[PDB]
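Data block for structure.cif (mmCIF, C-alpha atoms and all ligand atoms):
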data_final
loop_
_atom_site.label_atom_id
_atom_site.label_comp_id
_atom_site.auth_asym_id
_atom_site.auth_seq_id
_atom_site.Cartn_x
_atom_site.Cartn_y
_atom_site.Cartn_z
CA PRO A 5 -20.55 10.60 6.16
CA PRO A 6 -19.92 13.37 3.64
CA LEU A 7 -19.99 13.63 -0.16
CA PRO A 8 -17.04 15.83 -1.06
CA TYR A 9 -15.84 16.64 -4.53
CA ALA A 10 -16.16 19.60 -6.89
CA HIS A 11 -13.62 21.91 -8.47
CA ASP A 12 -12.38 18.99 -10.48
CA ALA A 13 -13.92 16.11 -12.44
CA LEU A 14 -11.55 15.25 -15.26
CA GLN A 15 -8.80 17.37 -13.53
CA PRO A 16 -6.39 17.56 -16.45
CA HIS A 17 -4.02 14.64 -16.22
CA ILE A 18 -5.21 12.19 -13.74
CA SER A 19 -8.25 10.59 -15.35
CA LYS A 20 -11.92 10.24 -14.53
CA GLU A 21 -11.44 6.46 -14.34
CA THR A 22 -8.95 6.94 -11.56
CA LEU A 23 -10.80 9.87 -10.00
CA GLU A 24 -14.43 8.64 -9.64
CA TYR A 25 -13.31 5.22 -8.49
CA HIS A 26 -10.80 6.83 -6.17
CA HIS A 27 -13.21 9.54 -5.05
CA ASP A 28 -15.27 6.44 -4.13
CA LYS A 29 -12.34 4.48 -2.64
CA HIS A 30 -12.78 7.21 -0.09
CA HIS A 31 -16.57 7.45 -0.01
CA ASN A 32 -17.98 3.96 -0.63
CA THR A 33 -15.51 2.72 1.99
CA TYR A 34 -13.67 4.88 4.52
CA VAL A 35 -17.09 6.36 4.99
CA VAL A 36 -17.19 3.07 6.82
CA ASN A 37 -16.00 4.92 9.92
CA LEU A 38 -19.66 4.50 10.91
CA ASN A 39 -21.48 1.22 10.16
CA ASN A 40 -20.21 -1.26 12.82
CA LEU A 41 -17.91 1.52 14.06
CA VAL A 42 -18.96 4.95 15.45
CA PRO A 43 -22.60 4.09 16.21
CA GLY A 44 -21.91 0.44 15.59
CA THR A 45 -19.25 -1.08 17.87
CA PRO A 46 -16.10 1.04 18.63
CA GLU A 47 -17.64 4.17 20.17
CA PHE A 48 -16.81 7.91 19.81
CA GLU A 49 -20.34 9.00 18.80
CA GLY A 50 -19.98 12.87 18.94
CA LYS A 51 -17.11 13.73 16.64
CA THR A 52 -15.90 15.92 13.74
CA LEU A 53 -13.44 13.61 11.97
CA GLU A 54 -11.16 16.47 12.84
CA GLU A 55 -11.89 14.73 16.07
CA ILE A 56 -11.05 11.13 15.36
CA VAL A 57 -7.21 11.67 15.24
CA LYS A 58 -5.65 12.31 18.68
CA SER A 59 -8.28 10.33 20.59
CA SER A 60 -9.32 7.42 18.40
CA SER A 61 -8.86 3.71 18.42
CA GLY A 62 -6.37 2.44 15.83
CA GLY A 63 -6.01 1.82 12.10
CA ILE A 64 -9.47 0.26 11.97
CA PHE A 65 -10.78 3.48 13.60
CA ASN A 66 -8.22 5.31 11.46
CA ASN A 67 -10.12 4.74 8.27
CA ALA A 68 -11.91 7.79 9.63
CA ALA A 69 -8.46 9.31 9.23
CA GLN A 70 -8.78 8.30 5.59
CA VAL A 71 -11.87 10.40 5.09
CA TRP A 72 -10.10 13.61 6.36
CA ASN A 73 -6.87 12.82 4.46
CA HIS A 74 -8.83 12.31 1.27
CA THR A 75 -11.34 15.18 1.42
CA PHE A 76 -8.18 17.24 2.25
CA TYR A 77 -6.35 15.75 -0.72
CA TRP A 78 -9.25 16.57 -3.02
CA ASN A 79 -9.09 20.31 -2.07
CA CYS A 80 -5.30 20.53 -2.50
CA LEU A 81 -5.31 19.89 -6.26
CA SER A 82 -5.35 21.03 -9.85
CA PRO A 83 -7.17 21.89 -12.71
CA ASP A 84 -6.21 25.66 -12.79
CA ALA A 85 -2.98 25.06 -10.88
CA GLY A 86 0.64 25.98 -10.31
CA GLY A 87 3.57 27.11 -8.03
CA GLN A 88 3.54 29.23 -4.88
CA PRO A 89 3.87 33.09 -4.56
CA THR A 90 0.85 35.07 -3.39
CA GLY A 91 2.37 36.22 -0.09
CA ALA A 92 4.31 35.12 2.91
CA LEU A 93 3.77 31.33 2.61
CA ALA A 94 5.98 31.94 -0.49
CA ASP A 95 8.52 33.60 1.77
CA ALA A 96 7.93 30.93 4.46
CA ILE A 97 8.98 27.91 2.40
CA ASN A 98 11.59 30.27 0.88
CA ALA A 99 13.99 30.31 3.87
CA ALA A 100 12.96 26.99 5.46
CA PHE A 101 13.64 25.04 2.27
CA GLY A 102 15.42 28.23 1.14
CA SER A 103 13.90 27.87 -2.33
CA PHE A 104 10.90 26.28 -4.11
CA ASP A 105 12.71 24.17 -6.74
CA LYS A 106 14.40 22.86 -3.60
CA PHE A 107 11.09 22.55 -1.76
CA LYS A 108 9.55 20.55 -4.63
CA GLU A 109 12.70 18.42 -4.91
CA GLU A 110 12.75 17.44 -1.22
CA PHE A 111 9.03 17.05 -0.85
CA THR A 112 9.39 13.64 -2.63
CA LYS A 113 11.88 11.91 -0.37
CA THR A 114 8.68 12.53 1.66
CA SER A 115 6.37 10.97 -0.92
CA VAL A 116 8.13 8.69 -3.37
CA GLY A 117 10.44 7.08 -0.85
CA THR A 118 8.18 5.87 1.90
CA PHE A 119 7.84 2.11 1.84
CA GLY A 120 4.16 1.31 1.30
CA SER A 121 1.04 3.45 1.31
CA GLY A 122 0.28 6.73 3.08
CA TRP A 123 0.73 10.41 2.06
CA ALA A 124 3.54 12.92 2.14
CA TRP A 125 2.78 16.38 3.52
CA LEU A 126 3.64 20.04 3.82
CA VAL A 127 3.23 20.71 7.56
CA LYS A 128 3.58 23.49 10.09
CA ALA A 129 4.03 23.20 13.89
CA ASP A 130 4.95 26.85 14.32
CA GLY A 131 7.05 27.35 11.19
CA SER A 132 7.32 24.59 8.52
CA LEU A 133 8.24 20.90 8.41
CA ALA A 134 8.13 18.39 5.57
CA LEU A 135 6.65 15.22 7.08
CA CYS A 136 6.89 11.62 5.94
CA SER A 137 4.02 9.84 7.62
CA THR A 138 3.35 7.14 4.96
CA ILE A 139 1.19 4.58 6.62
CA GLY A 140 -2.41 5.67 5.96
CA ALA A 141 -3.03 5.97 9.68
CA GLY A 142 -0.82 9.04 9.43
CA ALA A 143 -2.25 12.54 9.74
CA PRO A 144 0.16 14.96 11.45
CA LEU A 145 -2.96 16.37 13.05
CA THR A 146 -2.43 13.77 15.82
CA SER A 147 0.33 16.02 17.13
CA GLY A 148 1.20 19.67 17.43
CA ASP A 149 1.03 20.54 13.72
CA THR A 150 -1.35 20.95 10.79
CA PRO A 151 -0.91 20.11 7.07
CA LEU A 152 -0.45 22.52 4.16
CA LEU A 153 -0.45 19.89 1.31
CA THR A 154 -0.98 16.16 0.86
CA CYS A 155 -0.46 13.49 -1.82
CA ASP A 156 -1.79 9.91 -1.65
CA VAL A 157 1.07 7.61 -2.69
CA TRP A 158 -1.05 4.62 -1.84
CA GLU A 159 -0.77 2.49 -5.05
CA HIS A 160 -4.30 3.32 -6.31
CA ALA A 161 -3.88 7.11 -5.88
CA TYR A 162 -2.40 6.45 -9.30
CA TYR A 163 -1.69 3.65 -11.74
CA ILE A 164 -2.00 5.47 -15.11
CA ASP A 165 1.73 4.97 -15.77
CA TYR A 166 2.49 1.51 -14.14
CA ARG A 167 5.97 0.10 -15.13
CA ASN A 168 7.86 3.08 -13.72
CA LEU A 169 5.41 5.37 -11.85
CA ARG A 170 7.17 8.41 -10.18
CA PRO A 171 6.12 10.82 -12.95
CA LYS A 172 2.86 10.44 -10.91
CA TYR A 173 3.91 13.11 -8.34
CA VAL A 174 6.00 14.88 -10.98
CA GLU A 175 4.65 14.50 -14.46
CA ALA A 176 1.14 14.28 -13.07
CA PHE A 177 0.78 16.14 -9.76
CA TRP A 178 2.74 19.44 -9.82
CA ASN A 179 -0.32 20.92 -11.55
CA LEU A 180 -1.65 21.45 -8.11
CA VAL A 181 -3.61 24.65 -7.47
CA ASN A 182 -5.18 25.60 -4.14
CA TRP A 183 -1.82 27.14 -3.37
CA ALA A 184 -4.66 29.33 -2.29
CA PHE A 185 -6.10 26.58 -0.12
CA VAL A 186 -2.62 25.59 1.12
CA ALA A 187 -2.12 29.25 1.92
CA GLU A 188 -2.18 28.73 5.70
CA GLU A 189 0.45 30.39 8.01
CA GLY A 190 -0.68 30.51 11.63
CA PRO B 5 20.53 -11.51 -7.94
CA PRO B 6 17.17 -12.59 -9.25
CA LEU B 7 16.03 -12.98 -12.82
CA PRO B 8 13.58 -15.91 -12.72
CA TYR B 9 10.03 -17.09 -12.50
CA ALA B 10 8.16 -20.41 -12.19
CA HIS B 11 6.18 -19.97 -15.37
CA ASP B 12 5.47 -17.03 -17.86
CA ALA B 13 3.10 -14.09 -16.99
CA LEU B 14 -0.14 -15.92 -16.44
CA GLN B 15 -3.26 -15.81 -18.65
CA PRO B 16 -6.55 -16.74 -16.84
CA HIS B 17 -6.78 -15.40 -13.23
CA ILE B 18 -3.86 -13.08 -12.99
CA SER B 19 -3.14 -11.29 -16.29
CA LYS B 20 0.01 -10.79 -18.33
CA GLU B 21 0.30 -7.12 -17.34
CA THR B 22 0.03 -8.18 -13.68
CA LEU B 23 2.89 -10.62 -13.99
CA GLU B 24 4.75 -8.07 -16.03
CA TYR B 25 4.59 -5.26 -13.47
CA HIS B 26 4.41 -7.26 -10.27
CA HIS B 27 7.45 -9.35 -11.30
CA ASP B 28 9.52 -6.36 -12.17
CA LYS B 29 8.20 -4.36 -9.22
CA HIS B 30 10.06 -7.29 -7.68
CA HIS B 31 12.93 -7.26 -10.13
CA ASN B 32 14.77 -4.24 -11.42
CA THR B 33 12.75 -2.17 -8.93
CA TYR B 34 13.69 -4.03 -5.72
CA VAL B 35 17.28 -3.77 -6.83
CA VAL B 36 17.67 -1.40 -3.90
CA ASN B 37 18.99 -4.36 -1.98
CA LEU B 38 22.14 -4.93 -4.00
CA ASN B 39 22.73 -1.14 -3.78
CA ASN B 40 23.06 -1.19 -0.02
CA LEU B 41 24.47 -4.62 0.79
CA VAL B 42 28.25 -5.13 0.46
CA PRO B 43 28.88 -1.67 -0.97
CA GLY B 44 29.59 0.33 2.23
CA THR B 45 29.61 -2.55 4.76
CA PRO B 46 26.70 -3.28 6.50
CA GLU B 47 27.36 -6.58 8.36
CA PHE B 48 25.22 -7.98 5.58
CA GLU B 49 28.14 -8.74 3.32
CA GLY B 50 27.62 -12.60 3.39
CA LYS B 51 24.80 -14.13 5.45
CA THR B 52 22.83 -16.91 3.69
CA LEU B 53 19.69 -16.64 1.55
CA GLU B 54 17.77 -14.00 3.52
CA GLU B 55 19.44 -14.09 6.82
CA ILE B 56 19.08 -10.35 5.97
CA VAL B 57 15.51 -10.17 7.34
CA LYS B 58 16.38 -11.87 10.60
CA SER B 59 19.29 -9.62 11.30
CA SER B 60 17.92 -6.70 9.23
CA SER B 61 16.26 -3.43 10.18
CA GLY B 62 14.49 -2.45 7.01
CA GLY B 63 12.44 -0.31 4.73
CA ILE B 64 15.10 0.25 2.14
CA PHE B 65 17.03 -2.59 3.88
CA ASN B 66 13.83 -4.59 4.56
CA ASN B 67 13.79 -4.78 0.83
CA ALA B 68 15.42 -8.01 1.68
CA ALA B 69 12.13 -9.03 3.24
CA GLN B 70 10.34 -7.88 0.06
CA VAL B 71 12.62 -9.70 -2.35
CA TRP B 72 11.72 -12.71 -0.32
CA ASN B 73 7.95 -12.21 0.21
CA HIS B 74 7.77 -12.06 -3.61
CA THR B 75 9.88 -15.15 -4.31
CA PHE B 76 8.01 -16.94 -1.56
CA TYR B 77 4.72 -16.17 -3.31
CA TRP B 78 5.86 -17.14 -6.79
CA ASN B 79 5.83 -20.79 -5.92
CA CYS B 80 2.43 -20.30 -4.29
CA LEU B 81 0.63 -19.65 -7.55
CA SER B 82 0.64 -22.11 -10.40
CA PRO B 83 -1.67 -22.71 -13.35
CA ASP B 84 -2.19 -26.08 -11.59
CA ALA B 85 -4.89 -25.01 -9.15
CA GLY B 86 -7.03 -27.37 -7.06
CA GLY B 87 -8.18 -25.90 -3.70
CA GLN B 88 -7.68 -29.33 -2.41
CA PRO B 89 -4.87 -30.09 0.07
CA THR B 90 -4.45 -33.90 -0.29
CA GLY B 91 -4.85 -35.55 3.08
CA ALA B 92 -1.59 -35.26 4.99
CA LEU B 93 -1.95 -31.49 4.66
CA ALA B 94 -5.73 -31.81 4.84
CA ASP B 95 -5.22 -33.26 8.32
CA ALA B 96 -3.28 -30.35 9.84
CA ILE B 97 -6.13 -27.97 8.82
CA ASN B 98 -9.12 -30.31 9.13
CA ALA B 99 -8.52 -29.94 12.88
CA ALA B 100 -7.14 -26.32 13.15
CA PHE B 101 -9.12 -24.13 10.74
CA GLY B 102 -12.44 -25.95 11.45
CA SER B 103 -11.90 -27.60 8.04
CA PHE B 104 -10.43 -26.31 4.79
CA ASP B 105 -13.64 -24.63 3.69
CA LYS B 106 -13.20 -22.77 6.96
CA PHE B 107 -9.47 -22.16 6.52
CA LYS B 108 -10.09 -20.21 3.24
CA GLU B 109 -12.95 -18.14 4.56
CA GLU B 110 -10.62 -17.37 7.41
CA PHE B 111 -7.64 -16.63 5.21
CA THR B 112 -9.98 -14.15 3.54
CA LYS B 113 -10.30 -12.07 6.71
CA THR B 114 -6.54 -11.72 7.34
CA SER B 115 -5.90 -10.91 3.65
CA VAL B 116 -8.49 -8.18 3.08
CA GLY B 117 -8.14 -7.06 6.70
CA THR B 118 -4.43 -6.33 6.31
CA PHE B 119 -4.86 -2.57 6.34
CA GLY B 120 -3.32 -1.13 3.21
CA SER B 121 -0.31 -3.09 1.83
CA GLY B 122 0.86 -6.16 3.81
CA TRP B 123 -0.12 -9.81 3.84
CA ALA B 124 -2.09 -12.88 5.03
CA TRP B 125 0.32 -15.67 5.97
CA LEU B 126 -0.08 -19.35 6.91
CA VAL B 127 2.75 -20.33 9.19
CA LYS B 128 3.66 -22.94 11.76
CA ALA B 129 5.78 -22.45 14.85
CA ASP B 130 5.14 -25.38 17.26
CA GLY B 131 1.72 -23.68 17.85
CA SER B 132 -0.50 -23.23 14.74
CA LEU B 133 -2.69 -20.65 13.01
CA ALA B 134 -3.00 -17.85 10.38
CA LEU B 135 -1.40 -14.35 10.31
CA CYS B 136 -2.14 -10.69 9.21
CA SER B 137 1.07 -8.74 8.51
CA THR B 138 -0.19 -5.16 7.66
CA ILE B 139 3.15 -3.37 7.86
CA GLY B 140 4.74 -3.36 4.36
CA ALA B 141 7.65 -5.68 3.64
CA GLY B 142 6.34 -7.81 6.53
CA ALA B 143 7.47 -11.37 7.01
CA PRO B 144 7.01 -14.10 9.64
CA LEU B 145 10.73 -15.00 9.46
CA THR B 146 11.78 -12.63 12.27
CA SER B 147 9.19 -14.18 14.54
CA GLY B 148 10.54 -17.59 13.53
CA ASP B 149 7.56 -19.53 12.06
CA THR B 150 8.31 -21.65 9.02
CA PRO B 151 5.91 -23.26 6.47
CA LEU B 152 4.35 -20.34 4.69
CA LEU B 153 1.40 -19.69 2.46
CA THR B 154 1.73 -16.21 1.07
CA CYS B 155 -0.37 -13.96 -1.09
CA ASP B 156 0.17 -10.35 -2.02
CA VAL B 157 -2.34 -7.57 -0.79
CA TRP B 158 -0.49 -4.55 -2.07
CA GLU B 159 -2.63 -2.73 -4.68
CA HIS B 160 0.03 -3.51 -7.30
CA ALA B 161 -0.90 -7.09 -6.50
CA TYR B 162 -4.03 -6.32 -8.56
CA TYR B 163 -4.49 -3.99 -11.64
CA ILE B 164 -7.16 -6.67 -12.03
CA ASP B 165 -10.19 -6.52 -9.67
CA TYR B 166 -9.62 -2.74 -8.97
CA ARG B 167 -10.64 -2.01 -5.35
CA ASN B 168 -11.97 -5.64 -5.50
CA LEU B 169 -9.28 -7.32 -3.40
CA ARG B 170 -11.49 -10.25 -2.37
CA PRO B 171 -12.67 -11.14 -5.84
CA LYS B 172 -8.88 -10.97 -6.49
CA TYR B 173 -7.76 -13.28 -3.72
CA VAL B 174 -10.74 -14.90 -1.90
CA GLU B 175 -11.85 -15.46 -5.45
CA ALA B 176 -8.99 -15.65 -7.92
CA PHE B 177 -6.09 -16.79 -5.70
CA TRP B 178 -7.72 -20.20 -4.91
CA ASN B 179 -5.20 -21.37 -7.32
CA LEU B 180 -2.64 -22.18 -4.60
CA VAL B 181 0.56 -24.09 -5.03
CA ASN B 182 -0.51 -27.73 -5.15
CA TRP B 183 -0.24 -28.50 -1.52
CA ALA B 184 2.78 -30.67 -1.99
CA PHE B 185 5.39 -28.07 -1.07
CA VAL B 186 2.72 -26.25 0.80
CA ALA B 187 2.68 -29.70 2.28
CA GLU B 188 5.62 -29.80 4.60
CA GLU B 189 8.98 -31.34 4.47
CA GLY B 190 10.44 -28.87 6.95
FE FE C 1 -6.56 7.00 -1.66
FE FE C 2 4.06 -7.12 -4.19
#
Written as structure tokens, that's how I'd like the structure from this file.
Amino acid sequence: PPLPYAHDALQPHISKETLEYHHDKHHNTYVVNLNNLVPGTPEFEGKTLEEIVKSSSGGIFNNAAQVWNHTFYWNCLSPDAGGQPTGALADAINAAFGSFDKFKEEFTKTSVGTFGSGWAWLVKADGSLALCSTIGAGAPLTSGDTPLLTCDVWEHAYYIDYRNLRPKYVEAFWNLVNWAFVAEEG
Amino acid sequence: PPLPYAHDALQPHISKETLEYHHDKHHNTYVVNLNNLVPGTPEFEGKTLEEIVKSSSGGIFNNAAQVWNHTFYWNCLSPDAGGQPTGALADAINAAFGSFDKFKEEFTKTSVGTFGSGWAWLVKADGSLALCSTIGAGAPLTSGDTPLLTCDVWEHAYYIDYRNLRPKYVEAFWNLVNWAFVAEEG
């Protein structure tokens, strides 16, 4: 039942049509985890969203999963954005992937190539793993790991390209900042 | 090896840049099939129509399923509208789905309720009722039902309506294939 957003608005090249339609795809609906849900019919009452995954129902009560995934997404982004360094996480990826061009050109067979909707992610169990999970009802926080970066590849995460749309993750999304917010290592 | 369509990209309920993109999402995009068919082996070299759905274990391979769900659908929408099943077809619904008024308002459910990408399908086995197929390239053909009334619920199914799936289908898509070959002869 939150009201995320800030840092962005017009966020360079991913529009305000797409963004405050999409920021609302997440918080008009999704923030639906409550109505004839939490309080409403399927239970859980005292939870943190963080606490929804692991314990909770299924897909219907995994719209609550959508809220986390999205307000996560929104803090993983651009508008002052760029490419890794600033420490060990640099060095992490650089020996797991081995490189970053490599990292960015692998983290796609994550994203691009997953039949349907969901999100690709940068994850860490106790060292890094690039995890598929494209179903919506996929947050690697169900298991023994926690996400460094996400990307909604659900068809409305984008559209501003339409006949031929990969340049969405590429020629649209690698102007991702919060390499400072993705900086996570433990 | 598909190149056809029942009419030209619409006009009044489903745009021209719906039928452009959706039909080629279908086309030169779902060309993934032909890429991994005879080429190496699978046992899918031969096997009639999409007998590759029934045998097939998908995603990239259950592309077969997707060629099909899309070609199924094509026939399902026609400029010739009339949410009026004659009364041969009318019978098998005006006894199952309450009535037809009550079939539609029940096909809504399954269609909007298919959580992110998927379908709402009207089948027949030798036990009758509707169907929600929420996992991607779906299809009732592995289960073995065999009339079919399609739809498409993927977000690419609507550049029109934006987030408004229902206005799109429980609205717009009551322009079903004149219940003649929806009307069953097999
Ligand atoms: Fe989204
Ligand atoms: Fe489709």
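Using only C-alpha atoms and all ligand atoms as the basis for the distance check, residues found within 9 Å of ligand FE 2 (chain C) are residues 26, 27, 29, 30, 70, 73, 74, 121, 122, 141, 155, 156, 157, 158, 159, 160 and 161 of chain B.
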Residues as selected, C-alpha atoms, written as a CSV table (one decimal), in the frame of the given file, can you do that?
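Generated file (result_6.csv):
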chain,number,residue,atom,x,y,z
B,26,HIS,CA,4.4,-7.3,-10.3
B,27,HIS,CA,7.4,-9.4,-11.3
B,29,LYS,CA,8.2,-4.4,-9.2
B,30,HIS,CA,10.1,-7.3,-7.7
B,70,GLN,CA,10.3,-7.9,0.1
B,73,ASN,CA,8.0,-12.2,0.2
B,74,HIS,CA,7.8,-12.1,-3.6
B,121,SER,CA,-0.3,-3.1,1.8
B,122,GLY,CA,0.9,-6.2,3.8
B,141,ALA,CA,7.6,-5.7,3.6
B,155,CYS,CA,-0.4,-14.0,-1.1
B,156,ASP,CA,0.2,-10.4,-2.0
B,157,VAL,CA,-2.3,-7.6,-0.8
B,158,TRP,CA,-0.5,-4.6,-2.1
B,159,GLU,CA,-2.6,-2.7,-4.7
B,160,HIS,CA,0.0,-3.5,-7.3
B,161,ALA,CA,-0.9,-7.1,-6.5
*Which chain B residues are at most 6 Å from chain A (counting all atoms listed in the file), as a PyMOL selection string?*
chain B and resi 25+63+140+159
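The spacing separating CA of residue 136 in chain B from CA of residue 69 in chain B amounts to 15.6 Å.
Nearest residue to residue 77 in chain B, choosing from B:154, B:133, B:190, B:14 and counting all atoms listed in the file: B:154.
Note on identical chains: chain B superimposed on chain A gives 1.8 Å, C-alpha RMSD over every paired atom.
The space separating CA of residue 153 in chain B from CA of residue 54 in chain B comes to 17.4 Å.
CA of residue 124 in chain B sits 21.7 Å away from CA of residue 9 in chain B.
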*Which polymer residues have any atom within 12 Å of an atom of residue 8 in chain A, counting all atoms listed in the file, with same-chain residues fewer than 2 positions away left out, as a list in words?*
residues 5, 6, 10, 11, 12, 13, 24, 27, 28, 30, 31, 32, 35, 71, 72, 73, 74, 75, 76, 77, 78 and 79 of chain A
*Give the answer as one residue: which of A:101, A:123, A:177, A:65 has the shortest atom-to-atom distance to ligand FE 1 (chain C), using all atoms listed in the file?*
A:123
_Counting only C-alpha atoms, the residue of B:50, B:148, B:93, B:112 that sits nearest residue 172 in chain B_ = B:112
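Across A:138, A:60, A:103, A:132, the tightest approach to ligand FE 1 (chain C) is made by A:138 when counting only C-alpha atoms and all ligand atoms.
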*May I have the protein, DNA and RNA residues with any atom at most 12 Å from the point (9.7, -19.8, 11.4), counting all atoms listed in the file, written as a VMD selection string?*
chain B and resid 57 to 58 125 to 132 143 to 152 190
For residue 169 in chain B: contacts at 8 Å, all atoms listed in the file, fewer than 4 positions along chain excluded, given as a short mmCIF file (atom, residue, chain, number, x, y, z; two decimals) with C-alpha atoms, keeping the file's coordinate frame:
data_model
loop_
_atom_site.label_atom_id
_atom_site.label_comp_id
_atom_site.auth_asym_id
_atom_site.auth_seq_id
_atom_site.Cartn_x
_atom_site.Cartn_y
_atom_site.Cartn_z
CA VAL B 116 -8.49 -8.18 3.08
CA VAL B 157 -2.34 -7.57 -0.79
CA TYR B 162 -4.03 -6.32 -8.56
CA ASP B 165 -10.19 -6.52 -9.67
CA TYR B 173 -7.76 -13.28 -3.72
CA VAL B 174 -10.74 -14.90 -1.90
#
_residue 104 in chain A environment, 9 Å, all atoms listed in the file, sequence neighbours closer than 5 positions dropped, as a PyMOL selection string_ = chain A and resi 87-88+94+97-98+109
Selection file, C-alpha atoms, as a PDB file, keeping the file's coordinate frame:
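Final output, out-v3.pdb:
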ATOM      1  CA  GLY A  87       3.570  27.110  -8.030  1.00  0.00           C
ATOM      2  CA  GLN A  88       3.540  29.230  -4.880  1.00  0.00           C
ATOM      3  CA  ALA A  94       5.980  31.940  -0.490  1.00  0.00           C
ATOM      4  CA  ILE A  97       8.980  27.910   2.400  1.00  0.00           C
ATOM      5  CA  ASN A  98      11.590  30.270   0.880  1.00  0.00           C
ATOM      6  CA  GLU A 109      12.700  18.420  -4.910  1.00  0.00           C
TER       7      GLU A 109
END
Should you be able to, write range 144-161 of chain B of this structure into a file that contains N, CA and C atoms, as a PDB file, in the first residue's frame.
ATOM      1  N   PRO B 144      -4.740 -26.051 -25.128  1.00  0.00           N
ATOM      2  CA  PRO B 144      -5.577 -27.145 -24.777  1.00  0.00           C
ATOM      3  C   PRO B 144      -5.330 -28.421 -25.569  1.00  0.00           C
ATOM      4  N   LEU B 145      -4.491 -28.409 -26.588  1.00  0.00           N
ATOM      5  CA  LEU B 145      -4.250 -29.564 -27.433  1.00  0.00           C
ATOM      6  C   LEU B 145      -3.484 -30.665 -26.823  1.00  0.00           C
ATOM      7  N   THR B 146      -2.685 -30.454 -25.735  1.00  0.00           N
ATOM      8  CA  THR B 146      -1.984 -31.499 -25.026  1.00  0.00           C
ATOM      9  C   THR B 146      -2.860 -32.225 -24.047  1.00  0.00           C
ATOM     10  N   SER B 147      -3.993 -31.585 -23.688  1.00  0.00           N
ATOM     11  CA  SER B 147      -4.931 -32.059 -22.725  1.00  0.00           C
ATOM     12  C   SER B 147      -5.940 -32.981 -23.515  1.00  0.00           C
ATOM     13  N   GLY B 148      -6.125 -32.567 -24.761  1.00  0.00           N
ATOM     14  CA  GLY B 148      -6.907 -33.230 -25.761  1.00  0.00           C
ATOM     15  C   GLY B 148      -8.308 -32.814 -26.014  1.00  0.00           C
ATOM     16  N   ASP B 149      -8.663 -31.552 -25.758  1.00  0.00           N
ATOM     17  CA  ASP B 149     -10.011 -30.964 -25.956  1.00  0.00           C
ATOM     18  C   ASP B 149     -10.050 -30.495 -27.392  1.00  0.00           C
ATOM     19  N   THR B 150     -11.187 -30.304 -28.039  1.00  0.00           N
ATOM     20  CA  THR B 150     -11.044 -29.881 -29.430  1.00  0.00           C
ATOM     21  C   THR B 150     -11.963 -29.099 -30.321  1.00  0.00           C
ATOM     22  N   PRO B 151     -12.526 -28.048 -29.795  1.00  0.00           N
ATOM     23  CA  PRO B 151     -13.441 -27.082 -30.544  1.00  0.00           C
ATOM     24  C   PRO B 151     -12.580 -25.849 -30.766  1.00  0.00           C
ATOM     25  N   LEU B 152     -12.424 -25.069 -29.738  1.00  0.00           N
ATOM     26  CA  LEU B 152     -11.710 -23.904 -29.511  1.00  0.00           C
ATOM     27  C   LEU B 152     -12.256 -22.543 -29.940  1.00  0.00           C
ATOM     28  N   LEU B 153     -12.262 -21.670 -28.898  1.00  0.00           N
ATOM     29  CA  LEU B 153     -12.576 -20.287 -29.039  1.00  0.00           C
ATOM     30  C   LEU B 153     -11.362 -19.668 -28.235  1.00  0.00           C
ATOM     31  N   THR B 154     -10.543 -18.913 -28.992  1.00  0.00           N
ATOM     32  CA  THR B 154      -9.369 -18.377 -28.565  1.00  0.00           C
ATOM     33  C   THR B 154      -9.327 -17.107 -27.707  1.00  0.00           C
ATOM     34  N   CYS B 155      -8.666 -16.076 -28.310  1.00  0.00           N
ATOM     35  CA  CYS B 155      -8.451 -14.811 -27.788  1.00  0.00           C
ATOM     36  C   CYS B 155      -6.924 -14.660 -27.757  1.00  0.00           C
ATOM     37  N   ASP B 156      -6.459 -13.472 -27.490  1.00  0.00           N
ATOM     38  CA  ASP B 156      -5.073 -13.315 -27.056  1.00  0.00           C
ATOM     39  C   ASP B 156      -5.053 -12.226 -25.918  1.00  0.00           C
ATOM     40  N   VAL B 157      -4.371 -12.625 -24.781  1.00  0.00           N
ATOM     41  CA  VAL B 157      -4.282 -11.803 -23.509  1.00  0.00           C
ATOM     42  C   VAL B 157      -2.906 -11.251 -23.235  1.00  0.00           C
ATOM     43  N   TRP B 158      -2.017 -11.568 -24.173  1.00  0.00           N
ATOM     44  CA  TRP B 158      -0.631 -11.033 -24.034  1.00  0.00           C
ATOM     45  C   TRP B 158      -0.828  -9.535 -24.219  1.00  0.00           C
ATOM     46  N   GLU B 159       0.119  -8.757 -23.607  1.00  0.00           N
ATOM     47  CA  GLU B 159      -0.037  -7.255 -23.745  1.00  0.00           C
ATOM     48  C   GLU B 159       0.174  -6.797 -25.163  1.00  0.00           C
ATOM     49  N   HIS B 160       0.869  -7.552 -25.985  1.00  0.00           N
ATOM     50  CA  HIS B 160       1.049  -7.218 -27.399  1.00  0.00           C
ATOM     51  C   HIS B 160      -0.243  -7.448 -28.138  1.00  0.00           C
ATOM     52  N   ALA B 161      -1.155  -8.074 -27.394  1.00  0.00           N
ATOM     53  CA  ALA B 161      -2.506  -8.369 -27.983  1.00  0.00           C
ATOM     54  C   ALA B 161      -3.295  -7.039 -28.048  1.00  0.00           C
TER      55      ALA B 161
END
